[PDB]
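Student: You'll find target_21.txt just under this line, and it carries compact mmCIF, N, CA, C and O atoms.
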# COMPACT_ATOMS: atom_id res chain seq x y z
N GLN A 878 0.82 -1.19 0.00
CA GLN A 878 0.00 0.00 0.00
C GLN A 878 0.86 1.25 0.00
O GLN A 878 0.59 2.21 -0.73
N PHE A 879 1.94 1.23 0.78
CA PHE A 879 2.83 2.38 0.82
C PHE A 879 3.40 2.67 -0.55
O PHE A 879 3.39 3.82 -1.01
N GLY A 880 3.93 1.64 -1.20
CA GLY A 880 4.55 1.85 -2.49
C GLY A 880 3.60 2.48 -3.49
O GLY A 880 3.91 3.49 -4.13
N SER A 881 2.41 1.89 -3.61
CA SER A 881 1.44 2.43 -4.55
C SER A 881 1.07 3.86 -4.22
O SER A 881 0.99 4.74 -5.11
N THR A 882 0.91 4.14 -2.93
CA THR A 882 0.57 5.49 -2.50
C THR A 882 1.62 6.47 -3.00
O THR A 882 1.30 7.47 -3.65
N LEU A 883 2.88 6.18 -2.72
CA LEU A 883 3.95 7.07 -3.12
C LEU A 883 3.93 7.29 -4.63
O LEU A 883 4.00 8.44 -5.12
N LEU A 884 3.83 6.20 -5.38
CA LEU A 884 3.82 6.29 -6.83
C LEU A 884 2.86 7.38 -7.28
O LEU A 884 3.22 8.26 -8.09
N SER A 885 1.63 7.32 -6.77
CA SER A 885 0.65 8.30 -7.21
C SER A 885 1.14 9.72 -7.00
O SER A 885 0.89 10.61 -7.83
N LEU A 886 1.91 9.94 -5.94
CA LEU A 886 2.39 11.28 -5.65
C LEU A 886 3.37 11.73 -6.70
O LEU A 886 3.37 12.90 -7.13
N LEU A 887 4.21 10.81 -7.16
CA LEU A 887 5.15 11.21 -8.20
C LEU A 887 4.43 11.55 -9.48
O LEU A 887 4.81 12.49 -10.20
N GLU A 888 3.39 10.79 -9.79
CA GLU A 888 2.61 11.11 -10.97
C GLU A 888 2.03 12.52 -10.87
O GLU A 888 2.14 13.32 -11.81
N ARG A 889 1.51 12.86 -9.69
CA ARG A 889 1.01 14.21 -9.47
C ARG A 889 2.09 15.23 -9.76
O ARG A 889 1.88 16.21 -10.49
N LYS A 890 3.25 15.02 -9.14
CA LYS A 890 4.34 15.98 -9.24
C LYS A 890 4.67 16.25 -10.69
O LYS A 890 4.62 17.40 -11.15
N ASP A 891 5.01 15.20 -11.44
CA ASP A 891 5.39 15.42 -12.83
C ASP A 891 4.28 16.10 -13.61
O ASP A 891 4.56 16.92 -14.49
N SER A 892 3.02 15.85 -13.26
CA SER A 892 1.95 16.55 -13.95
C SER A 892 2.08 18.05 -13.74
O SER A 892 2.09 18.84 -14.71
N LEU A 893 2.21 18.46 -12.49
CA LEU A 893 2.35 19.87 -12.19
C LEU A 893 3.57 20.47 -12.87
O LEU A 893 3.51 21.58 -13.41
N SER A 894 4.70 19.76 -12.81
CA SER A 894 5.92 20.28 -13.39
C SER A 894 5.76 20.50 -14.87
O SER A 894 6.22 21.52 -15.42
N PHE A 895 5.02 19.62 -15.52
CA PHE A 895 4.77 19.78 -16.93
C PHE A 895 3.98 21.05 -17.17
O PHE A 895 4.32 21.86 -18.04
N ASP A 896 2.89 21.20 -16.44
CA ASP A 896 2.03 22.35 -16.67
C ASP A 896 2.78 23.66 -16.45
O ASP A 896 2.66 24.60 -17.24
N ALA A 897 3.57 23.71 -15.38
CA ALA A 897 4.35 24.90 -15.08
C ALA A 897 5.28 25.23 -16.22
O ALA A 897 5.33 26.37 -16.71
N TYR A 898 6.06 24.23 -16.64
CA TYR A 898 7.00 24.43 -17.72
C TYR A 898 6.29 24.94 -18.95
O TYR A 898 6.72 25.90 -19.59
N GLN A 899 5.18 24.30 -19.29
CA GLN A 899 4.43 24.69 -20.47
C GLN A 899 3.99 26.14 -20.39
O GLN A 899 4.12 26.90 -21.36
N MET A 900 3.47 26.55 -19.24
CA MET A 900 2.98 27.91 -19.11
C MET A 900 4.10 28.92 -19.29
O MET A 900 3.99 29.86 -20.09
N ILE A 901 5.20 28.74 -18.56
CA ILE A 901 6.28 29.71 -18.69
C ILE A 901 6.80 29.72 -20.11
O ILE A 901 7.10 30.78 -20.67
N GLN A 902 6.88 28.55 -20.72
CA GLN A 902 7.36 28.46 -22.09
C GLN A 902 6.47 29.29 -23.01
O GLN A 902 6.96 30.10 -23.80
N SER A 903 5.17 29.12 -22.88
CA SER A 903 4.23 29.87 -23.70
C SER A 903 4.34 31.37 -23.47
O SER A 903 4.10 32.15 -24.39
N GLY A 904 4.71 31.78 -22.26
CA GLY A 904 4.83 33.20 -21.98
C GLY A 904 5.77 33.99 -22.87
O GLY A 904 5.64 35.21 -22.95
N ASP A 905 6.69 33.33 -23.56
CA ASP A 905 7.67 34.06 -24.36
C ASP A 905 7.14 34.60 -25.68
O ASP A 905 7.64 35.63 -26.16
N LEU A 906 6.15 33.95 -26.27
CA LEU A 906 5.69 34.34 -27.60
C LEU A 906 5.21 35.78 -27.64
O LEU A 906 5.31 36.47 -28.67
N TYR A 907 4.70 36.26 -26.51
CA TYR A 907 4.24 37.64 -26.42
C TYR A 907 5.32 38.62 -26.83
O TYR A 907 5.01 39.70 -27.34
N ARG A 908 6.58 38.28 -26.61
CA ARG A 908 7.66 39.15 -27.04
C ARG A 908 7.52 39.50 -28.51
O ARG A 908 7.31 40.67 -28.88
N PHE A 909 7.58 38.48 -29.36
CA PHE A 909 7.41 38.68 -30.79
C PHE A 909 6.10 39.37 -31.09
O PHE A 909 6.03 40.26 -31.96
N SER A 910 5.03 38.95 -30.42
CA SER A 910 3.72 39.53 -30.69
C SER A 910 3.75 41.04 -30.51
O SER A 910 3.30 41.80 -31.39
N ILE A 911 4.34 41.48 -29.41
CA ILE A 911 4.45 42.90 -29.13
C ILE A 911 5.25 43.59 -30.21
O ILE A 911 4.88 44.65 -30.73
N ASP A 912 6.39 42.99 -30.54
CA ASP A 912 7.28 43.58 -31.53
C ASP A 912 6.52 43.89 -32.80
O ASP A 912 6.46 45.04 -33.26
N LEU A 913 5.89 42.87 -33.36
CA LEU A 913 5.21 43.05 -34.63
C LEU A 913 4.02 44.00 -34.54
O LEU A 913 3.79 44.80 -35.45
N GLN A 914 3.29 43.98 -33.43
CA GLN A 914 2.15 44.89 -33.33
C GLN A 914 2.61 46.34 -33.34
O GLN A 914 2.10 47.18 -34.09
N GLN A 915 3.64 46.62 -32.55
CA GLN A 915 4.17 47.97 -32.51
C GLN A 915 4.69 48.36 -33.89
O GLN A 915 4.49 49.50 -34.35
N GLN A 916 5.37 47.43 -34.55
CA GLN A 916 5.89 47.70 -35.87
C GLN A 916 4.78 48.14 -36.80
O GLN A 916 4.95 49.09 -37.59
N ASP A 917 3.62 47.50 -36.70
CA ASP A 917 2.51 47.89 -37.55
C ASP A 917 2.06 49.30 -37.25
O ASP A 917 1.68 50.05 -38.16
N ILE A 918 2.12 49.68 -35.98
CA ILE A 918 1.73 51.04 -35.64
C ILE A 918 2.62 52.03 -36.37
O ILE A 918 2.15 52.99 -37.01
N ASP A 919 3.92 51.78 -36.32
CA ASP A 919 4.85 52.67 -36.99
C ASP A 919 4.58 52.73 -38.49
O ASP A 919 4.64 53.80 -39.11
N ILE A 920 4.29 51.57 -39.07
CA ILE A 920 3.97 51.51 -40.49
C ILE A 920 2.79 52.42 -40.82
O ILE A 920 2.80 53.16 -41.81
N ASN A 921 1.79 52.41 -39.96
CA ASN A 921 0.64 53.26 -40.20
C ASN A 921 1.01 54.72 -40.09
O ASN A 921 0.48 55.57 -40.83
N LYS A 922 1.95 55.04 -39.21
CA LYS A 922 2.41 56.41 -39.12
C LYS A 922 3.01 56.86 -40.44
O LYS A 922 2.69 57.93 -40.96
N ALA A 923 3.89 56.03 -40.99
CA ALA A 923 4.48 56.35 -42.28
C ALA A 923 3.42 56.55 -43.36
O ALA A 923 3.51 57.50 -44.16
N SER A 924 2.42 55.68 -43.39
CA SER A 924 1.35 55.84 -44.38
C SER A 924 0.68 57.20 -44.24
O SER A 924 0.47 57.93 -45.24
N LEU A 925 0.40 57.58 -43.00
CA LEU A 925 -0.21 58.87 -42.77
C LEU A 925 0.66 59.96 -43.35
O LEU A 925 0.17 60.87 -44.02
N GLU A 926 1.96 59.87 -43.11
CA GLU A 926 2.85 60.88 -43.67
C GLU A 926 2.75 60.93 -45.19
O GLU A 926 2.75 62.02 -45.77
N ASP B 787 -7.06 115.95 -37.52
CA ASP B 787 -5.66 115.62 -37.75
C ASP B 787 -5.23 114.41 -36.95
O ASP B 787 -4.05 114.21 -36.67
N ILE B 788 -6.20 113.57 -36.58
CA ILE B 788 -5.90 112.39 -35.79
C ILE B 788 -5.13 111.35 -36.58
O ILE B 788 -4.43 110.52 -35.99
N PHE B 789 -5.24 111.36 -37.90
CA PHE B 789 -4.48 110.44 -38.73
C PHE B 789 -3.17 111.05 -39.18
O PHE B 789 -2.94 112.25 -39.07
N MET B 790 -2.31 110.19 -39.71
CA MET B 790 -1.08 110.63 -40.34
C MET B 790 -0.92 109.86 -41.63
O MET B 790 -1.55 108.82 -41.85
N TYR B 791 -0.11 110.40 -42.51
CA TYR B 791 0.28 109.65 -43.68
C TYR B 791 1.01 108.41 -43.19
O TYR B 791 1.99 108.54 -42.46
N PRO B 792 0.57 107.23 -43.56
CA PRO B 792 1.33 106.03 -43.20
C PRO B 792 2.47 105.83 -44.17
O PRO B 792 2.54 106.44 -45.24
N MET B 793 3.39 104.96 -43.78
CA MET B 793 4.39 104.50 -44.73
C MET B 793 3.68 103.77 -45.86
O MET B 793 2.81 102.94 -45.61
N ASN B 794 4.05 104.08 -47.09
CA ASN B 794 3.34 103.50 -48.22
C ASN B 794 3.75 102.05 -48.44
O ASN B 794 4.93 101.70 -48.45
N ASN B 795 2.73 101.23 -48.66
CA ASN B 795 2.82 99.77 -48.60
C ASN B 795 3.92 99.14 -49.44
O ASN B 795 4.61 98.25 -48.95
N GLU B 796 4.08 99.57 -50.68
CA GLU B 796 5.10 98.95 -51.53
C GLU B 796 6.46 98.91 -50.87
O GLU B 796 7.22 97.96 -51.07
N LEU B 797 6.77 99.90 -50.04
CA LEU B 797 8.07 99.90 -49.39
C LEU B 797 8.20 98.71 -48.46
O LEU B 797 9.13 97.91 -48.60
N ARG B 798 7.28 98.58 -47.51
CA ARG B 798 7.33 97.42 -46.64
C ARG B 798 7.22 96.13 -47.44
O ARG B 798 7.77 95.11 -47.03
N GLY B 799 6.50 96.16 -48.55
CA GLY B 799 6.48 95.00 -49.42
C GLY B 799 7.89 94.58 -49.79
O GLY B 799 8.28 93.42 -49.64
N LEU B 800 8.67 95.54 -50.25
CA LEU B 800 10.05 95.28 -50.62
C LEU B 800 10.85 94.77 -49.42
O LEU B 800 11.54 93.75 -49.49
N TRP B 801 10.76 95.51 -48.32
CA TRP B 801 11.46 95.13 -47.10
C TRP B 801 11.16 93.69 -46.75
O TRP B 801 12.06 92.88 -46.50
N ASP B 802 9.89 93.35 -46.71
CA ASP B 802 9.47 92.02 -46.30
C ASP B 802 9.93 90.97 -47.29
O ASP B 802 10.36 89.88 -46.88
N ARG B 803 9.81 91.25 -48.58
CA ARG B 803 10.23 90.29 -49.59
C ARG B 803 11.68 89.90 -49.37
O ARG B 803 12.03 88.71 -49.27
N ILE B 804 12.53 90.91 -49.20
CA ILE B 804 13.93 90.61 -49.01
C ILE B 804 14.15 89.92 -47.68
O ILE B 804 14.94 88.98 -47.58
N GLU B 805 13.48 90.38 -46.63
CA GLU B 805 13.66 89.76 -45.33
C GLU B 805 13.28 88.29 -45.37
O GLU B 805 13.92 87.46 -44.73
N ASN B 806 12.24 87.96 -46.14
CA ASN B 806 11.83 86.58 -46.26
C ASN B 806 12.91 85.75 -46.94
O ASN B 806 13.26 84.66 -46.47
N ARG B 807 13.46 86.28 -48.02
CA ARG B 807 14.54 85.56 -48.68
C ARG B 807 15.71 85.38 -47.72
O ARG B 807 16.29 84.29 -47.62
N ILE B 808 16.05 86.44 -47.01
CA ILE B 808 17.15 86.39 -46.07
C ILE B 808 16.90 85.30 -45.05
O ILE B 808 17.80 84.53 -44.72
N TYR B 809 15.69 85.25 -44.51
CA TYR B 809 15.35 84.21 -43.55
C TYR B 809 15.57 82.83 -44.12
O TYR B 809 16.12 81.93 -43.46
N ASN B 810 15.15 82.63 -45.36
CA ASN B 810 15.32 81.32 -45.97
C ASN B 810 16.80 81.00 -46.07
O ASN B 810 17.22 79.86 -45.87
N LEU B 811 17.60 82.01 -46.36
CA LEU B 811 19.03 81.81 -46.40
C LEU B 811 19.58 81.55 -45.01
O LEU B 811 20.54 80.79 -44.86
N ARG B 812 18.99 82.17 -43.99
CA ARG B 812 19.40 81.89 -42.63
C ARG B 812 19.29 80.41 -42.37
O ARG B 812 20.19 79.79 -41.79
N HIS B 813 18.20 79.82 -42.82
CA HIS B 813 17.91 78.43 -42.51
C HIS B 813 18.13 77.50 -43.68
O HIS B 813 17.55 76.41 -43.71
N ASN B 814 18.95 77.89 -44.66
CA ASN B 814 19.32 77.00 -45.75
C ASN B 814 18.10 76.51 -46.53
O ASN B 814 18.10 75.41 -47.07
N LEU B 815 17.05 77.31 -46.58
CA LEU B 815 15.83 76.90 -47.23
C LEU B 815 15.84 77.27 -48.70
O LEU B 815 16.67 78.04 -49.18
N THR B 816 14.89 76.70 -49.43
CA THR B 816 14.66 77.09 -50.81
C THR B 816 14.26 78.55 -50.87
O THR B 816 13.92 79.17 -49.86
N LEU B 817 14.30 79.11 -52.08
CA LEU B 817 13.72 80.44 -52.24
C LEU B 817 12.28 80.42 -51.78
O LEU B 817 11.80 81.36 -51.15
N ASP B 818 11.59 79.33 -52.07
CA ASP B 818 10.24 79.15 -51.60
C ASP B 818 10.18 78.99 -50.10
O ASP B 818 9.09 78.85 -49.55
N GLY B 819 11.33 78.97 -49.44
CA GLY B 819 11.35 78.73 -48.02
C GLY B 819 11.03 77.31 -47.65
O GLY B 819 10.98 76.98 -46.47
N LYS B 820 10.81 76.46 -48.64
CA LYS B 820 10.63 75.05 -48.39
C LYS B 820 11.94 74.42 -47.95
O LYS B 820 13.03 74.87 -48.33
N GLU B 821 11.82 73.41 -47.11
CA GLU B 821 12.98 72.63 -46.73
C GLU B 821 13.64 72.04 -47.96
O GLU B 821 12.98 71.54 -48.87
N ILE B 822 14.97 72.09 -47.97
CA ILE B 822 15.72 71.49 -49.06
C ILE B 822 15.96 70.02 -48.77
O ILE B 822 16.07 69.22 -49.71
N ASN B 823 16.05 69.65 -47.50
CA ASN B 823 16.23 68.26 -47.13
C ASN B 823 14.99 67.44 -47.46
O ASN B 823 13.87 67.95 -47.57
N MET B 824 15.22 66.14 -47.62
CA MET B 824 14.17 65.20 -47.98
C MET B 824 13.24 64.88 -46.82
O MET B 824 12.14 64.37 -47.05
N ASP B 825 13.65 65.18 -45.59
CA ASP B 825 12.84 64.94 -44.39
C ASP B 825 12.41 63.47 -44.27
O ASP B 825 11.23 63.15 -44.14
N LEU B 826 13.39 62.59 -44.34
CA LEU B 826 13.16 61.15 -44.21
C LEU B 826 12.53 60.81 -42.86
O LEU B 826 12.81 61.45 -41.84
N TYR B 827 11.67 59.79 -42.86
CA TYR B 827 10.99 59.31 -41.66
C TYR B 827 11.13 57.81 -41.49
O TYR B 827 11.11 57.05 -42.46
N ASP B 828 11.24 57.39 -40.23
CA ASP B 828 11.31 55.99 -39.84
C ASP B 828 10.87 55.88 -38.38
O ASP B 828 10.30 56.82 -37.82
N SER B 829 11.14 54.73 -37.77
CA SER B 829 10.91 54.57 -36.34
C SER B 829 11.92 53.60 -35.75
O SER B 829 12.17 52.53 -36.31
What is this file in structure tokens?

Tutor:
Amino acid sequence: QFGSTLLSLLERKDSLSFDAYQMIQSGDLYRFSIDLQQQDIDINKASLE
Amino acid sequence: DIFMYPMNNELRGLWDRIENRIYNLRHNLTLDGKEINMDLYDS
């Protein structure tokens, strides 16, 4: 019973670690997103000119 | 006699015309006083 109990805990742990990693990983794309959005703003400024 | 003969306009016309050209020369402008530079834009 002890062994099985512990096992389940490790499964829990790795689940959380995966989700955490995934979230922080996904957080980086916003960098590029911001870059390109701002770039479009500047482009529109030039068009206005 | 409340009025006086004013300075006649053509004179100031001349003065101003030359002063305008002079100003353009002050700032390296066209005779039209337009910028001579291309005024490039970026960000």

Student: Could you go through chain B and tell me which residues DSSP, when run on the backbone, assigns to helix (DSSP H, G or I), listing them as a PyMOL selection string?

Tutor: chain B and resi 795-812

Student: Counting only C-alpha atoms, which residues in chain A sit no more than 10 Å from chain B? For each one, give the nearest pair of atoms and the distance in Å, sorted by chain then residue number, as a Markdown table.

Tutor:
| residue | atom | partner | partner_atom | distance |
| --- | --- | --- | --- | --- |
| A:916 | CA | B:829 | CA | 8.5 |
| A:918 | CA | B:829 | CA | 9.9 |
| A:919 | CA | B:829 | CA | 6.4 |
| A:920 | CA | B:828 | CA | 8.6 |
| A:922 | CA | B:828 | CA | 8.9 |
| A:923 | CA | B:827 | CA | 7.2 |
| A:926 | CA | B:827 | CA | 8.5 |

Student: Write out as a list in words the residues lying within 8 Å of segment 800-806 of chain B, counting all atoms listed in the file and excluding same-chain residues fewer than 6 positions away.

Tutor: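 Here the qualifying residues turn out to be residues 794, 812, 813, 815, 816, 817, 818 and 819 of chain B.
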
Student: Record the distance separating atom CA of residue 825 of chain B and atom CA of residue 912 of chain A, expressed in Å with one decimal.

Tutor: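 These two atoms are separated by 25.5 Å.
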
Student: To one decimal in Å, tell me the separation between atom CA of residue 908 of chain A and atom CA of residue 925 of chain A.

Tutor: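 So the two atoms, atom CA of residue 908 of chain A and atom CA of residue 925 of chain A, lie 26.4 Å apart.
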